[PDB]
Amino acid sequence: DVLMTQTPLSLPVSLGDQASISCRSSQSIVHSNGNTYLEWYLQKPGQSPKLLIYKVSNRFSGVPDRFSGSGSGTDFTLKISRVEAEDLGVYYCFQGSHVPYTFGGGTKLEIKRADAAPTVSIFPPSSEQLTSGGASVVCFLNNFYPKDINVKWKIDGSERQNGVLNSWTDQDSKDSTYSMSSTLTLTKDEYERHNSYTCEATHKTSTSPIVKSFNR
Amino acid sequence: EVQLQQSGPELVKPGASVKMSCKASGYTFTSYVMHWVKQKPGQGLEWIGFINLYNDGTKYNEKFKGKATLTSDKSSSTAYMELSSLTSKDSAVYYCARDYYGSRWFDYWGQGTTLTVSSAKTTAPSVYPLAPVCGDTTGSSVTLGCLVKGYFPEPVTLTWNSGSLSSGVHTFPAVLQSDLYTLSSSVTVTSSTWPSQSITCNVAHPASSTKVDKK
RNA sequence: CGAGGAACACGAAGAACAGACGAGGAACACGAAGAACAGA
DNA sequence: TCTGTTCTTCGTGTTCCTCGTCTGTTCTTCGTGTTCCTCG
């Protein structure tokens, strides 16, 4: 069986700094020819991925020379400096030794920037859904820079994390942040048992958790 | 210009058999190997198989042997899978691949398909425009959006003003659990753009609906 | 004095030949690993 | 215990088909070196 170790799972990179990523093999990598054949692939979100590095350091015909590859043994590194904006995506390394030619995932690019303030808004449900015997409170909480966000929902002083769905987003191309949607979905008889509706979030810039309660 | 093309999205029943066709362009076909990769989102990718286009050496994985069958044809310039023993955990993206050396790496990739397994019934979506709390502009900026509930198929593609508004937009994924899909999108627009520039939510949906809702 | 044409070269580009390496399957005489119907 | 044979995994050697690499050899061109000729 083939396992691969992605010790750089994530990375801090801004536009202009350096990075080194070491895809690490569980066992040796050598071949009967004495060489090793290791390949790294780039996926920008939206299109099919393509070949970037094919042996260790030599590459595909027509790529920029700004990336570089190095290493031999059980861990293999790629180095980048003066990071641009059009080469974002997800990287992949291929295992070069054992007979089951299994892929290796889990190496993504993370743009570093300043932190962003939360944007909190509440949506009581539209009347078309209220005519169908159900209701859904929406709390949109946007422009979250890190990924350690803890959400809670409150209904008239009572903590219930039931009937709640939550929706994420990936790394934005221009905003370069995250976004957050929280829906609490119940029936209309389950709606009007209480009056005030609260969404609470746990962020790091706001040193206290942010609490927002509305009435209708 | 050596690129590849595949079929479109596919919806299939459990227990059935489904097909993959793979076309390319440019150079010859019988001199090289066609290679084939699986991808499921939220999880690392996985190699499926390979077929050389001269002798047709049939060999699959240690797990996927006897599961999917790999064939090709030169006159149609096409590669073929057939998939059986179907189940709902493989509703994912499958990727055709061009070899560069002896079935040892890949050099360019096709667009793949979304192979999905059908569940429940294909229902038309229910769209709701997001109404503000106070109505008109009562602050520095206002927030609007779209709430869609109750549709089976994934191509529910969300456009604003028929393809516009690529700036200040929050596209969102859909949830496949219990065959209940919720789409919630939000746009934060400026203070002086409410009464004339009312941006409309647009669901593009081939099996069900081309639906447009204005706030 | 600076340069070009004719035959040879420092290095580079296009191309071809000869040899070797390995990568993938096909065919054949034989070897190892598990089994089944009948016969001696 | 084996044979007539069949359903599968791994080698002993060869050939066919495709390919990425390495070394030597040859033909043409270019930034230019040796003698003749020519250009102002």
# chains A, B, ... in the order shown; residues from 1 in each chain; ligands from 1
>>> interface_residues(of="chain C", to="chain A", cutoff="12 Å", atoms="only C-alpha atoms (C1' of nucleotides)", output="JSON, numbers by chain")
{"C": [21, 22, 23]}
>>> write_last_selection(atoms="C-alpha atoms (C1' of nucleotides)", output="PDB file, in the first residue's frame")
ATOM      1  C1'   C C  21      19.502   2.261 -20.857  1.00  0.00           C
ATOM      2  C1'   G C  22      14.640   1.677 -18.979  1.00  0.00           C
ATOM      3  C1'   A C  23       8.939   2.320 -19.193  1.00  0.00           C
TER       4        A C  23
END
>>> residues_around(residues="residue 113 of chain A", least_positions_apart="6", cutoff="12 Å", atoms="only C-alpha atoms (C1' of nucleotides)", output="list in words")
residues 12, 13, 14, 15, 16, 144, 145, 146, 171, 174, 175, 176 and 177 of chain A
>>> write_last_selection(atoms="N, CA and C atoms", output="PDB file, in the first residue's frame")
ATOM      1  N   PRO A  12       1.909  30.005   4.782  1.00  0.00           N
ATOM      2  CA  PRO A  12       1.727  31.456   4.661  1.00  0.00           C
ATOM      3  C   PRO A  12       2.511  32.039   3.493  1.00  0.00           C
ATOM      4  N   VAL A  13       1.816  32.574   2.492  1.00  0.00           N
ATOM      5  CA  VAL A  13       2.466  33.189   1.338  1.00  0.00           C
ATOM      6  C   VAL A  13       1.705  34.453   0.965  1.00  0.00           C
ATOM      7  N   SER A  14       2.431  35.565   0.889  1.00  0.00           N
ATOM      8  CA  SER A  14       1.949  36.808   0.314  1.00  0.00           C
ATOM      9  C   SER A  14       2.574  36.986  -1.070  1.00  0.00           C
ATOM     10  N   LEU A  15       2.204  38.071  -1.748  1.00  0.00           N
ATOM     11  CA  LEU A  15       2.681  38.330  -3.107  1.00  0.00           C
ATOM     12  C   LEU A  15       4.081  38.936  -3.041  1.00  0.00           C
ATOM     13  N   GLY A  16       5.084  38.058  -3.016  1.00  0.00           N
ATOM     14  CA  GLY A  16       6.461  38.509  -3.078  1.00  0.00           C
ATOM     15  C   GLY A  16       7.428  37.837  -2.126  1.00  0.00           C
ATOM     16  N   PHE A 144     -14.476  36.996   6.522  1.00  0.00           N
ATOM     17  CA  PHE A 144     -13.668  36.325   7.532  1.00  0.00           C
ATOM     18  C   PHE A 144     -12.322  35.961   6.918  1.00  0.00           C
ATOM     19  N   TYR A 145     -11.242  36.466   7.501  1.00  0.00           N
ATOM     20  CA  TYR A 145      -9.917  36.120   6.993  1.00  0.00           C
ATOM     21  C   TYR A 145      -9.393  34.749   7.452  1.00  0.00           C
ATOM     22  N   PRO A 146      -9.418  34.353   8.734  1.00  0.00           N
ATOM     23  CA  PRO A 146      -8.956  33.004   9.062  1.00  0.00           C
ATOM     24  C   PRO A 146     -10.105  32.001   9.067  1.00  0.00           C
ATOM     25  N   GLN A 171     -11.295  30.291  -1.434  1.00  0.00           N
ATOM     26  CA  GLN A 171     -10.478  31.498  -1.503  1.00  0.00           C
ATOM     27  C   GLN A 171     -10.934  32.371  -2.666  1.00  0.00           C
ATOM     28  N   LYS A 174     -10.497  38.006  -5.961  1.00  0.00           N
ATOM     29  CA  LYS A 174     -10.224  39.428  -5.775  1.00  0.00           C
ATOM     30  C   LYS A 174     -10.303  39.878  -4.326  1.00  0.00           C
ATOM     31  N   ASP A 175     -11.279  39.386  -3.563  1.00  0.00           N
ATOM     32  CA  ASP A 175     -11.382  39.764  -2.157  1.00  0.00           C
ATOM     33  C   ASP A 175     -10.342  39.059  -1.298  1.00  0.00           C
ATOM     34  N   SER A 176      -9.971  37.826  -1.676  1.00  0.00           N
ATOM     35  CA  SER A 176      -8.971  36.995  -0.990  1.00  0.00           C
ATOM     36  C   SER A 176      -9.324  36.773   0.481  1.00  0.00           C
ATOM     37  N   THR A 177     -10.556  36.337   0.719  1.00  0.00           N
ATOM     38  CA  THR A 177     -11.037  36.057   2.065  1.00  0.00           C
ATOM     39  C   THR A 177     -12.065  34.935   1.980  1.00  0.00           C
TER      40      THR A 177
END
>>> residues_around(residues="segment 182-197 of chain B", least_positions_apart="3", cutoff="6 Å", atoms="only C-alpha atoms (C1' of nucleotides)", output="ChimeraX atom specification")
/B:137,140-149,169-171,174
>>> write_last_selection(atoms="C-alpha atoms", output="PDB file, in the first residue's frame")
ATOM      1  CA  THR B 137     -31.038  52.434   1.770  1.00  0.00           C
ATOM      2  CA  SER B 140     -23.534  53.122   4.040  1.00  0.00           C
ATOM      3  CA  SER B 141     -24.247  50.015   1.938  1.00  0.00           C
ATOM      4  CA  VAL B 142     -27.109  47.566   1.465  1.00  0.00           C
ATOM      5  CA  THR B 143     -27.163  43.778   1.158  1.00  0.00           C
ATOM      6  CA  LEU B 144     -29.374  41.663  -1.107  1.00  0.00           C
ATOM      7  CA  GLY B 145     -29.341  38.110  -2.455  1.00  0.00           C
ATOM      8  CA  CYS B 146     -31.145  34.893  -3.351  1.00  0.00           C
ATOM      9  CA  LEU B 147     -32.495  31.899  -1.407  1.00  0.00           C
ATOM     10  CA  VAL B 148     -33.288  28.749  -3.411  1.00  0.00           C
ATOM     11  CA  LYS B 149     -34.842  25.639  -1.860  1.00  0.00           C
ATOM     12  CA  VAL B 169     -20.412  38.637  -5.465  1.00  0.00           C
ATOM     13  CA  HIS B 170     -20.646  35.560  -3.220  1.00  0.00           C
ATOM     14  CA  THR B 171     -21.373  32.402  -5.185  1.00  0.00           C
ATOM     15  CA  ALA B 174     -25.209  23.403  -2.725  1.00  0.00           C
TER      16      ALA B 174
END
>>> residues_around(residues="residue 34 of chain D", least_positions_apart="2", cutoff="12 Å", atoms="only C-alpha atoms (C1' of nucleotides)", output="MDAnalysis selection string")
(chainID C and resid 7:9) or (chainID D and resid 36)
>>> select_by_dssp(residues="segment 56-107 of chain A", states="strand (DSSP E)", output="list in words")
residues 68, 69, 70, 75, 76, 77, 78, 79, 80, 90, 91, 92, 93 and 107 of chain A
>>> decode(residues="segment 25-37 of chain C", atoms="N, CA, C and O atoms (P, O5', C5', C4', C3', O3' and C1' of nucleotides)", output="PDB file, in the first residue's frame")
ATOM      1  P     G C  25       2.860  -4.522 -18.420  1.00  0.00           P
ATOM      2  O5'   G C  25       2.261  -5.406 -19.603  1.00  0.00           O
ATOM      3  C5'   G C  25       0.858  -5.495 -19.797  1.00  0.00           C
ATOM      4  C4'   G C  25       0.491  -5.498 -21.261  1.00  0.00           C
ATOM      5  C3'   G C  25       0.762  -6.784 -22.026  1.00  0.00           C
ATOM      6  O3'   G C  25      -0.241  -7.763 -21.820  1.00  0.00           O
ATOM      7  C1'   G C  25       1.469  -4.916 -23.306  1.00  0.00           C
ATOM      8  P     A C  26       0.109  -9.328 -21.938  1.00  0.00           P
ATOM      9  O5'   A C  26       0.251  -9.584 -23.504  1.00  0.00           O
ATOM     10  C5'   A C  26      -0.884  -9.575 -24.357  1.00  0.00           C
ATOM     11  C4'   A C  26      -0.487  -9.845 -25.787  1.00  0.00           C
ATOM     12  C3'   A C  26       0.356 -11.094 -26.006  1.00  0.00           C
ATOM     13  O3'   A C  26      -0.436 -12.262 -26.133  1.00  0.00           O
ATOM     14  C1'   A C  26       1.363  -9.257 -27.103  1.00  0.00           C
ATOM     15  P     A C  27      -0.247 -13.493 -25.118  1.00  0.00           P
ATOM     16  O5'   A C  27       0.434 -14.620 -26.011  1.00  0.00           O
ATOM     17  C5'   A C  27      -0.079 -14.939 -27.296  1.00  0.00           C
ATOM     18  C4'   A C  27       1.033 -15.164 -28.289  1.00  0.00           C
ATOM     19  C3'   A C  27       2.092 -16.174 -27.875  1.00  0.00           C
ATOM     20  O3'   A C  27       1.697 -17.512 -28.127  1.00  0.00           O
ATOM     21  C1'   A C  27       3.141 -14.215 -28.683  1.00  0.00           C
ATOM     22  P     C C  28       1.166 -18.440 -26.928  1.00  0.00           P
ATOM     23  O5'   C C  28       2.275 -19.574 -26.801  1.00  0.00           O
ATOM     24  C5'   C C  28       2.636 -20.363 -27.926  1.00  0.00           C
ATOM     25  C4'   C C  28       4.094 -20.199 -28.271  1.00  0.00           C
ATOM     26  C3'   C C  28       5.071 -21.059 -27.484  1.00  0.00           C
ATOM     27  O3'   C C  28       5.162 -22.382 -27.980  1.00  0.00           O
ATOM     28  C1'   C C  28       5.870 -18.827 -27.589  1.00  0.00           C
ATOM     29  P     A C  29       4.596 -23.615 -27.117  1.00  0.00           P
ATOM     30  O5'   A C  29       5.862 -24.135 -26.301  1.00  0.00           O
ATOM     31  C5'   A C  29       6.370 -25.447 -26.499  1.00  0.00           C
ATOM     32  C4'   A C  29       7.605 -25.694 -25.669  1.00  0.00           C
ATOM     33  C3'   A C  29       7.417 -25.632 -24.159  1.00  0.00           C
ATOM     34  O3'   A C  29       6.910 -26.837 -23.612  1.00  0.00           O
ATOM     35  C1'   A C  29       9.285 -24.330 -24.761  1.00  0.00           C
ATOM     36  P     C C  30       5.961 -26.803 -22.314  1.00  0.00           P
ATOM     37  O5'   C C  30       6.959 -26.502 -21.109  1.00  0.00           O
ATOM     38  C5'   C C  30       7.990 -27.417 -20.768  1.00  0.00           C
ATOM     39  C4'   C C  30       8.989 -26.796 -19.825  1.00  0.00           C
ATOM     40  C3'   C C  30       8.445 -26.358 -18.476  1.00  0.00           C
ATOM     41  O3'   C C  30       8.314 -27.432 -17.561  1.00  0.00           O
ATOM     42  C1'   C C  30       9.810 -24.644 -19.374  1.00  0.00           C
ATOM     43  P     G C  31       7.198 -27.380 -16.406  1.00  0.00           P
ATOM     44  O5'   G C  31       7.854 -26.466 -15.278  1.00  0.00           O
ATOM     45  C5'   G C  31       9.088 -26.826 -14.675  1.00  0.00           C
ATOM     46  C4'   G C  31       9.517 -25.809 -13.649  1.00  0.00           C
ATOM     47  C3'   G C  31       8.468 -25.434 -12.616  1.00  0.00           C
ATOM     48  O3'   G C  31       8.354 -26.384 -11.572  1.00  0.00           O
ATOM     49  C1'   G C  31       9.461 -23.470 -13.463  1.00  0.00           C
ATOM     50  P     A C  32       6.915 -26.715 -10.941  1.00  0.00           P
ATOM     51  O5'   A C  32       6.710 -25.581  -9.842  1.00  0.00           O
ATOM     52  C5'   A C  32       7.669 -25.382  -8.813  1.00  0.00           C
ATOM     53  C4'   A C  32       7.347 -24.158  -7.997  1.00  0.00           C
ATOM     54  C3'   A C  32       5.917 -24.065  -7.488  1.00  0.00           C
ATOM     55  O3'   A C  32       5.701 -24.820  -6.309  1.00  0.00           O
ATOM     56  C1'   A C  32       6.533 -22.009  -8.470  1.00  0.00           C
ATOM     57  P     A C  33       4.282 -25.530  -6.056  1.00  0.00           P
ATOM     58  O5'   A C  33       3.321 -24.330  -5.639  1.00  0.00           O
ATOM     59  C5'   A C  33       3.561 -23.583  -4.456  1.00  0.00           C
ATOM     60  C4'   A C  33       2.585 -22.443  -4.319  1.00  0.00           C
ATOM     61  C3'   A C  33       1.124 -22.794  -4.548  1.00  0.00           C
ATOM     62  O3'   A C  33       0.514 -23.423  -3.435  1.00  0.00           O
ATOM     63  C1'   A C  33       1.644 -20.858  -5.770  1.00  0.00           C
ATOM     64  P     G C  34      -0.042 -24.924  -3.580  1.00  0.00           P
ATOM     65  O5'   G C  34      -1.609 -24.734  -3.796  1.00  0.00           O
ATOM     66  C5'   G C  34      -2.440 -24.346  -2.714  1.00  0.00           C
ATOM     67  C4'   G C  34      -3.775 -23.822  -3.182  1.00  0.00           C
ATOM     68  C3'   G C  34      -4.645 -24.781  -3.977  1.00  0.00           C
ATOM     69  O3'   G C  34      -5.307 -25.740  -3.170  1.00  0.00           O
ATOM     70  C1'   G C  34      -4.649 -22.665  -5.021  1.00  0.00           C
ATOM     71  P     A C  35      -5.369 -27.278  -3.635  1.00  0.00           P
ATOM     72  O5'   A C  35      -6.643 -27.346  -4.591  1.00  0.00           O
ATOM     73  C5'   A C  35      -7.937 -27.031  -4.099  1.00  0.00           C
ATOM     74  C4'   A C  35      -8.855 -26.565  -5.201  1.00  0.00           C
ATOM     75  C3'   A C  35      -9.356 -27.634  -6.158  1.00  0.00           C
ATOM     76  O3'   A C  35     -10.447 -28.371  -5.635  1.00  0.00           O
ATOM     77  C1'   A C  35      -8.633 -25.743  -7.383  1.00  0.00           C
ATOM     78  P     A C  36     -10.418 -29.977  -5.642  1.00  0.00           P
ATOM     79  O5'   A C  36     -11.460 -30.380  -6.779  1.00  0.00           O
ATOM     80  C5'   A C  36     -12.801 -29.913  -6.740  1.00  0.00           C
ATOM     81  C4'   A C  36     -13.264 -29.464  -8.104  1.00  0.00           C
ATOM     82  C3'   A C  36     -13.449 -30.562  -9.143  1.00  0.00           C
ATOM     83  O3'   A C  36     -14.703 -31.218  -9.037  1.00  0.00           O
ATOM     84  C1'   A C  36     -12.178 -28.807 -10.077  1.00  0.00           C
ATOM     85  P     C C  37     -14.779 -32.818  -8.889  1.00  0.00           P
ATOM     86  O5'   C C  37     -15.129 -33.310 -10.387  1.00  0.00           O
ATOM     87  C5'   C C  37     -16.515 -33.332 -10.820  1.00  0.00           C
ATOM     88  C4'   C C  37     -16.570 -33.802 -12.252  1.00  0.00           C
ATOM     89  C3'   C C  37     -15.867 -35.139 -12.529  1.00  0.00           C
ATOM     90  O3'   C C  37     -16.737 -36.243 -12.302  1.00  0.00           O
ATOM     91  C1'   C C  37     -15.097 -33.514 -14.059  1.00  0.00           C
TER      92        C C  37
END
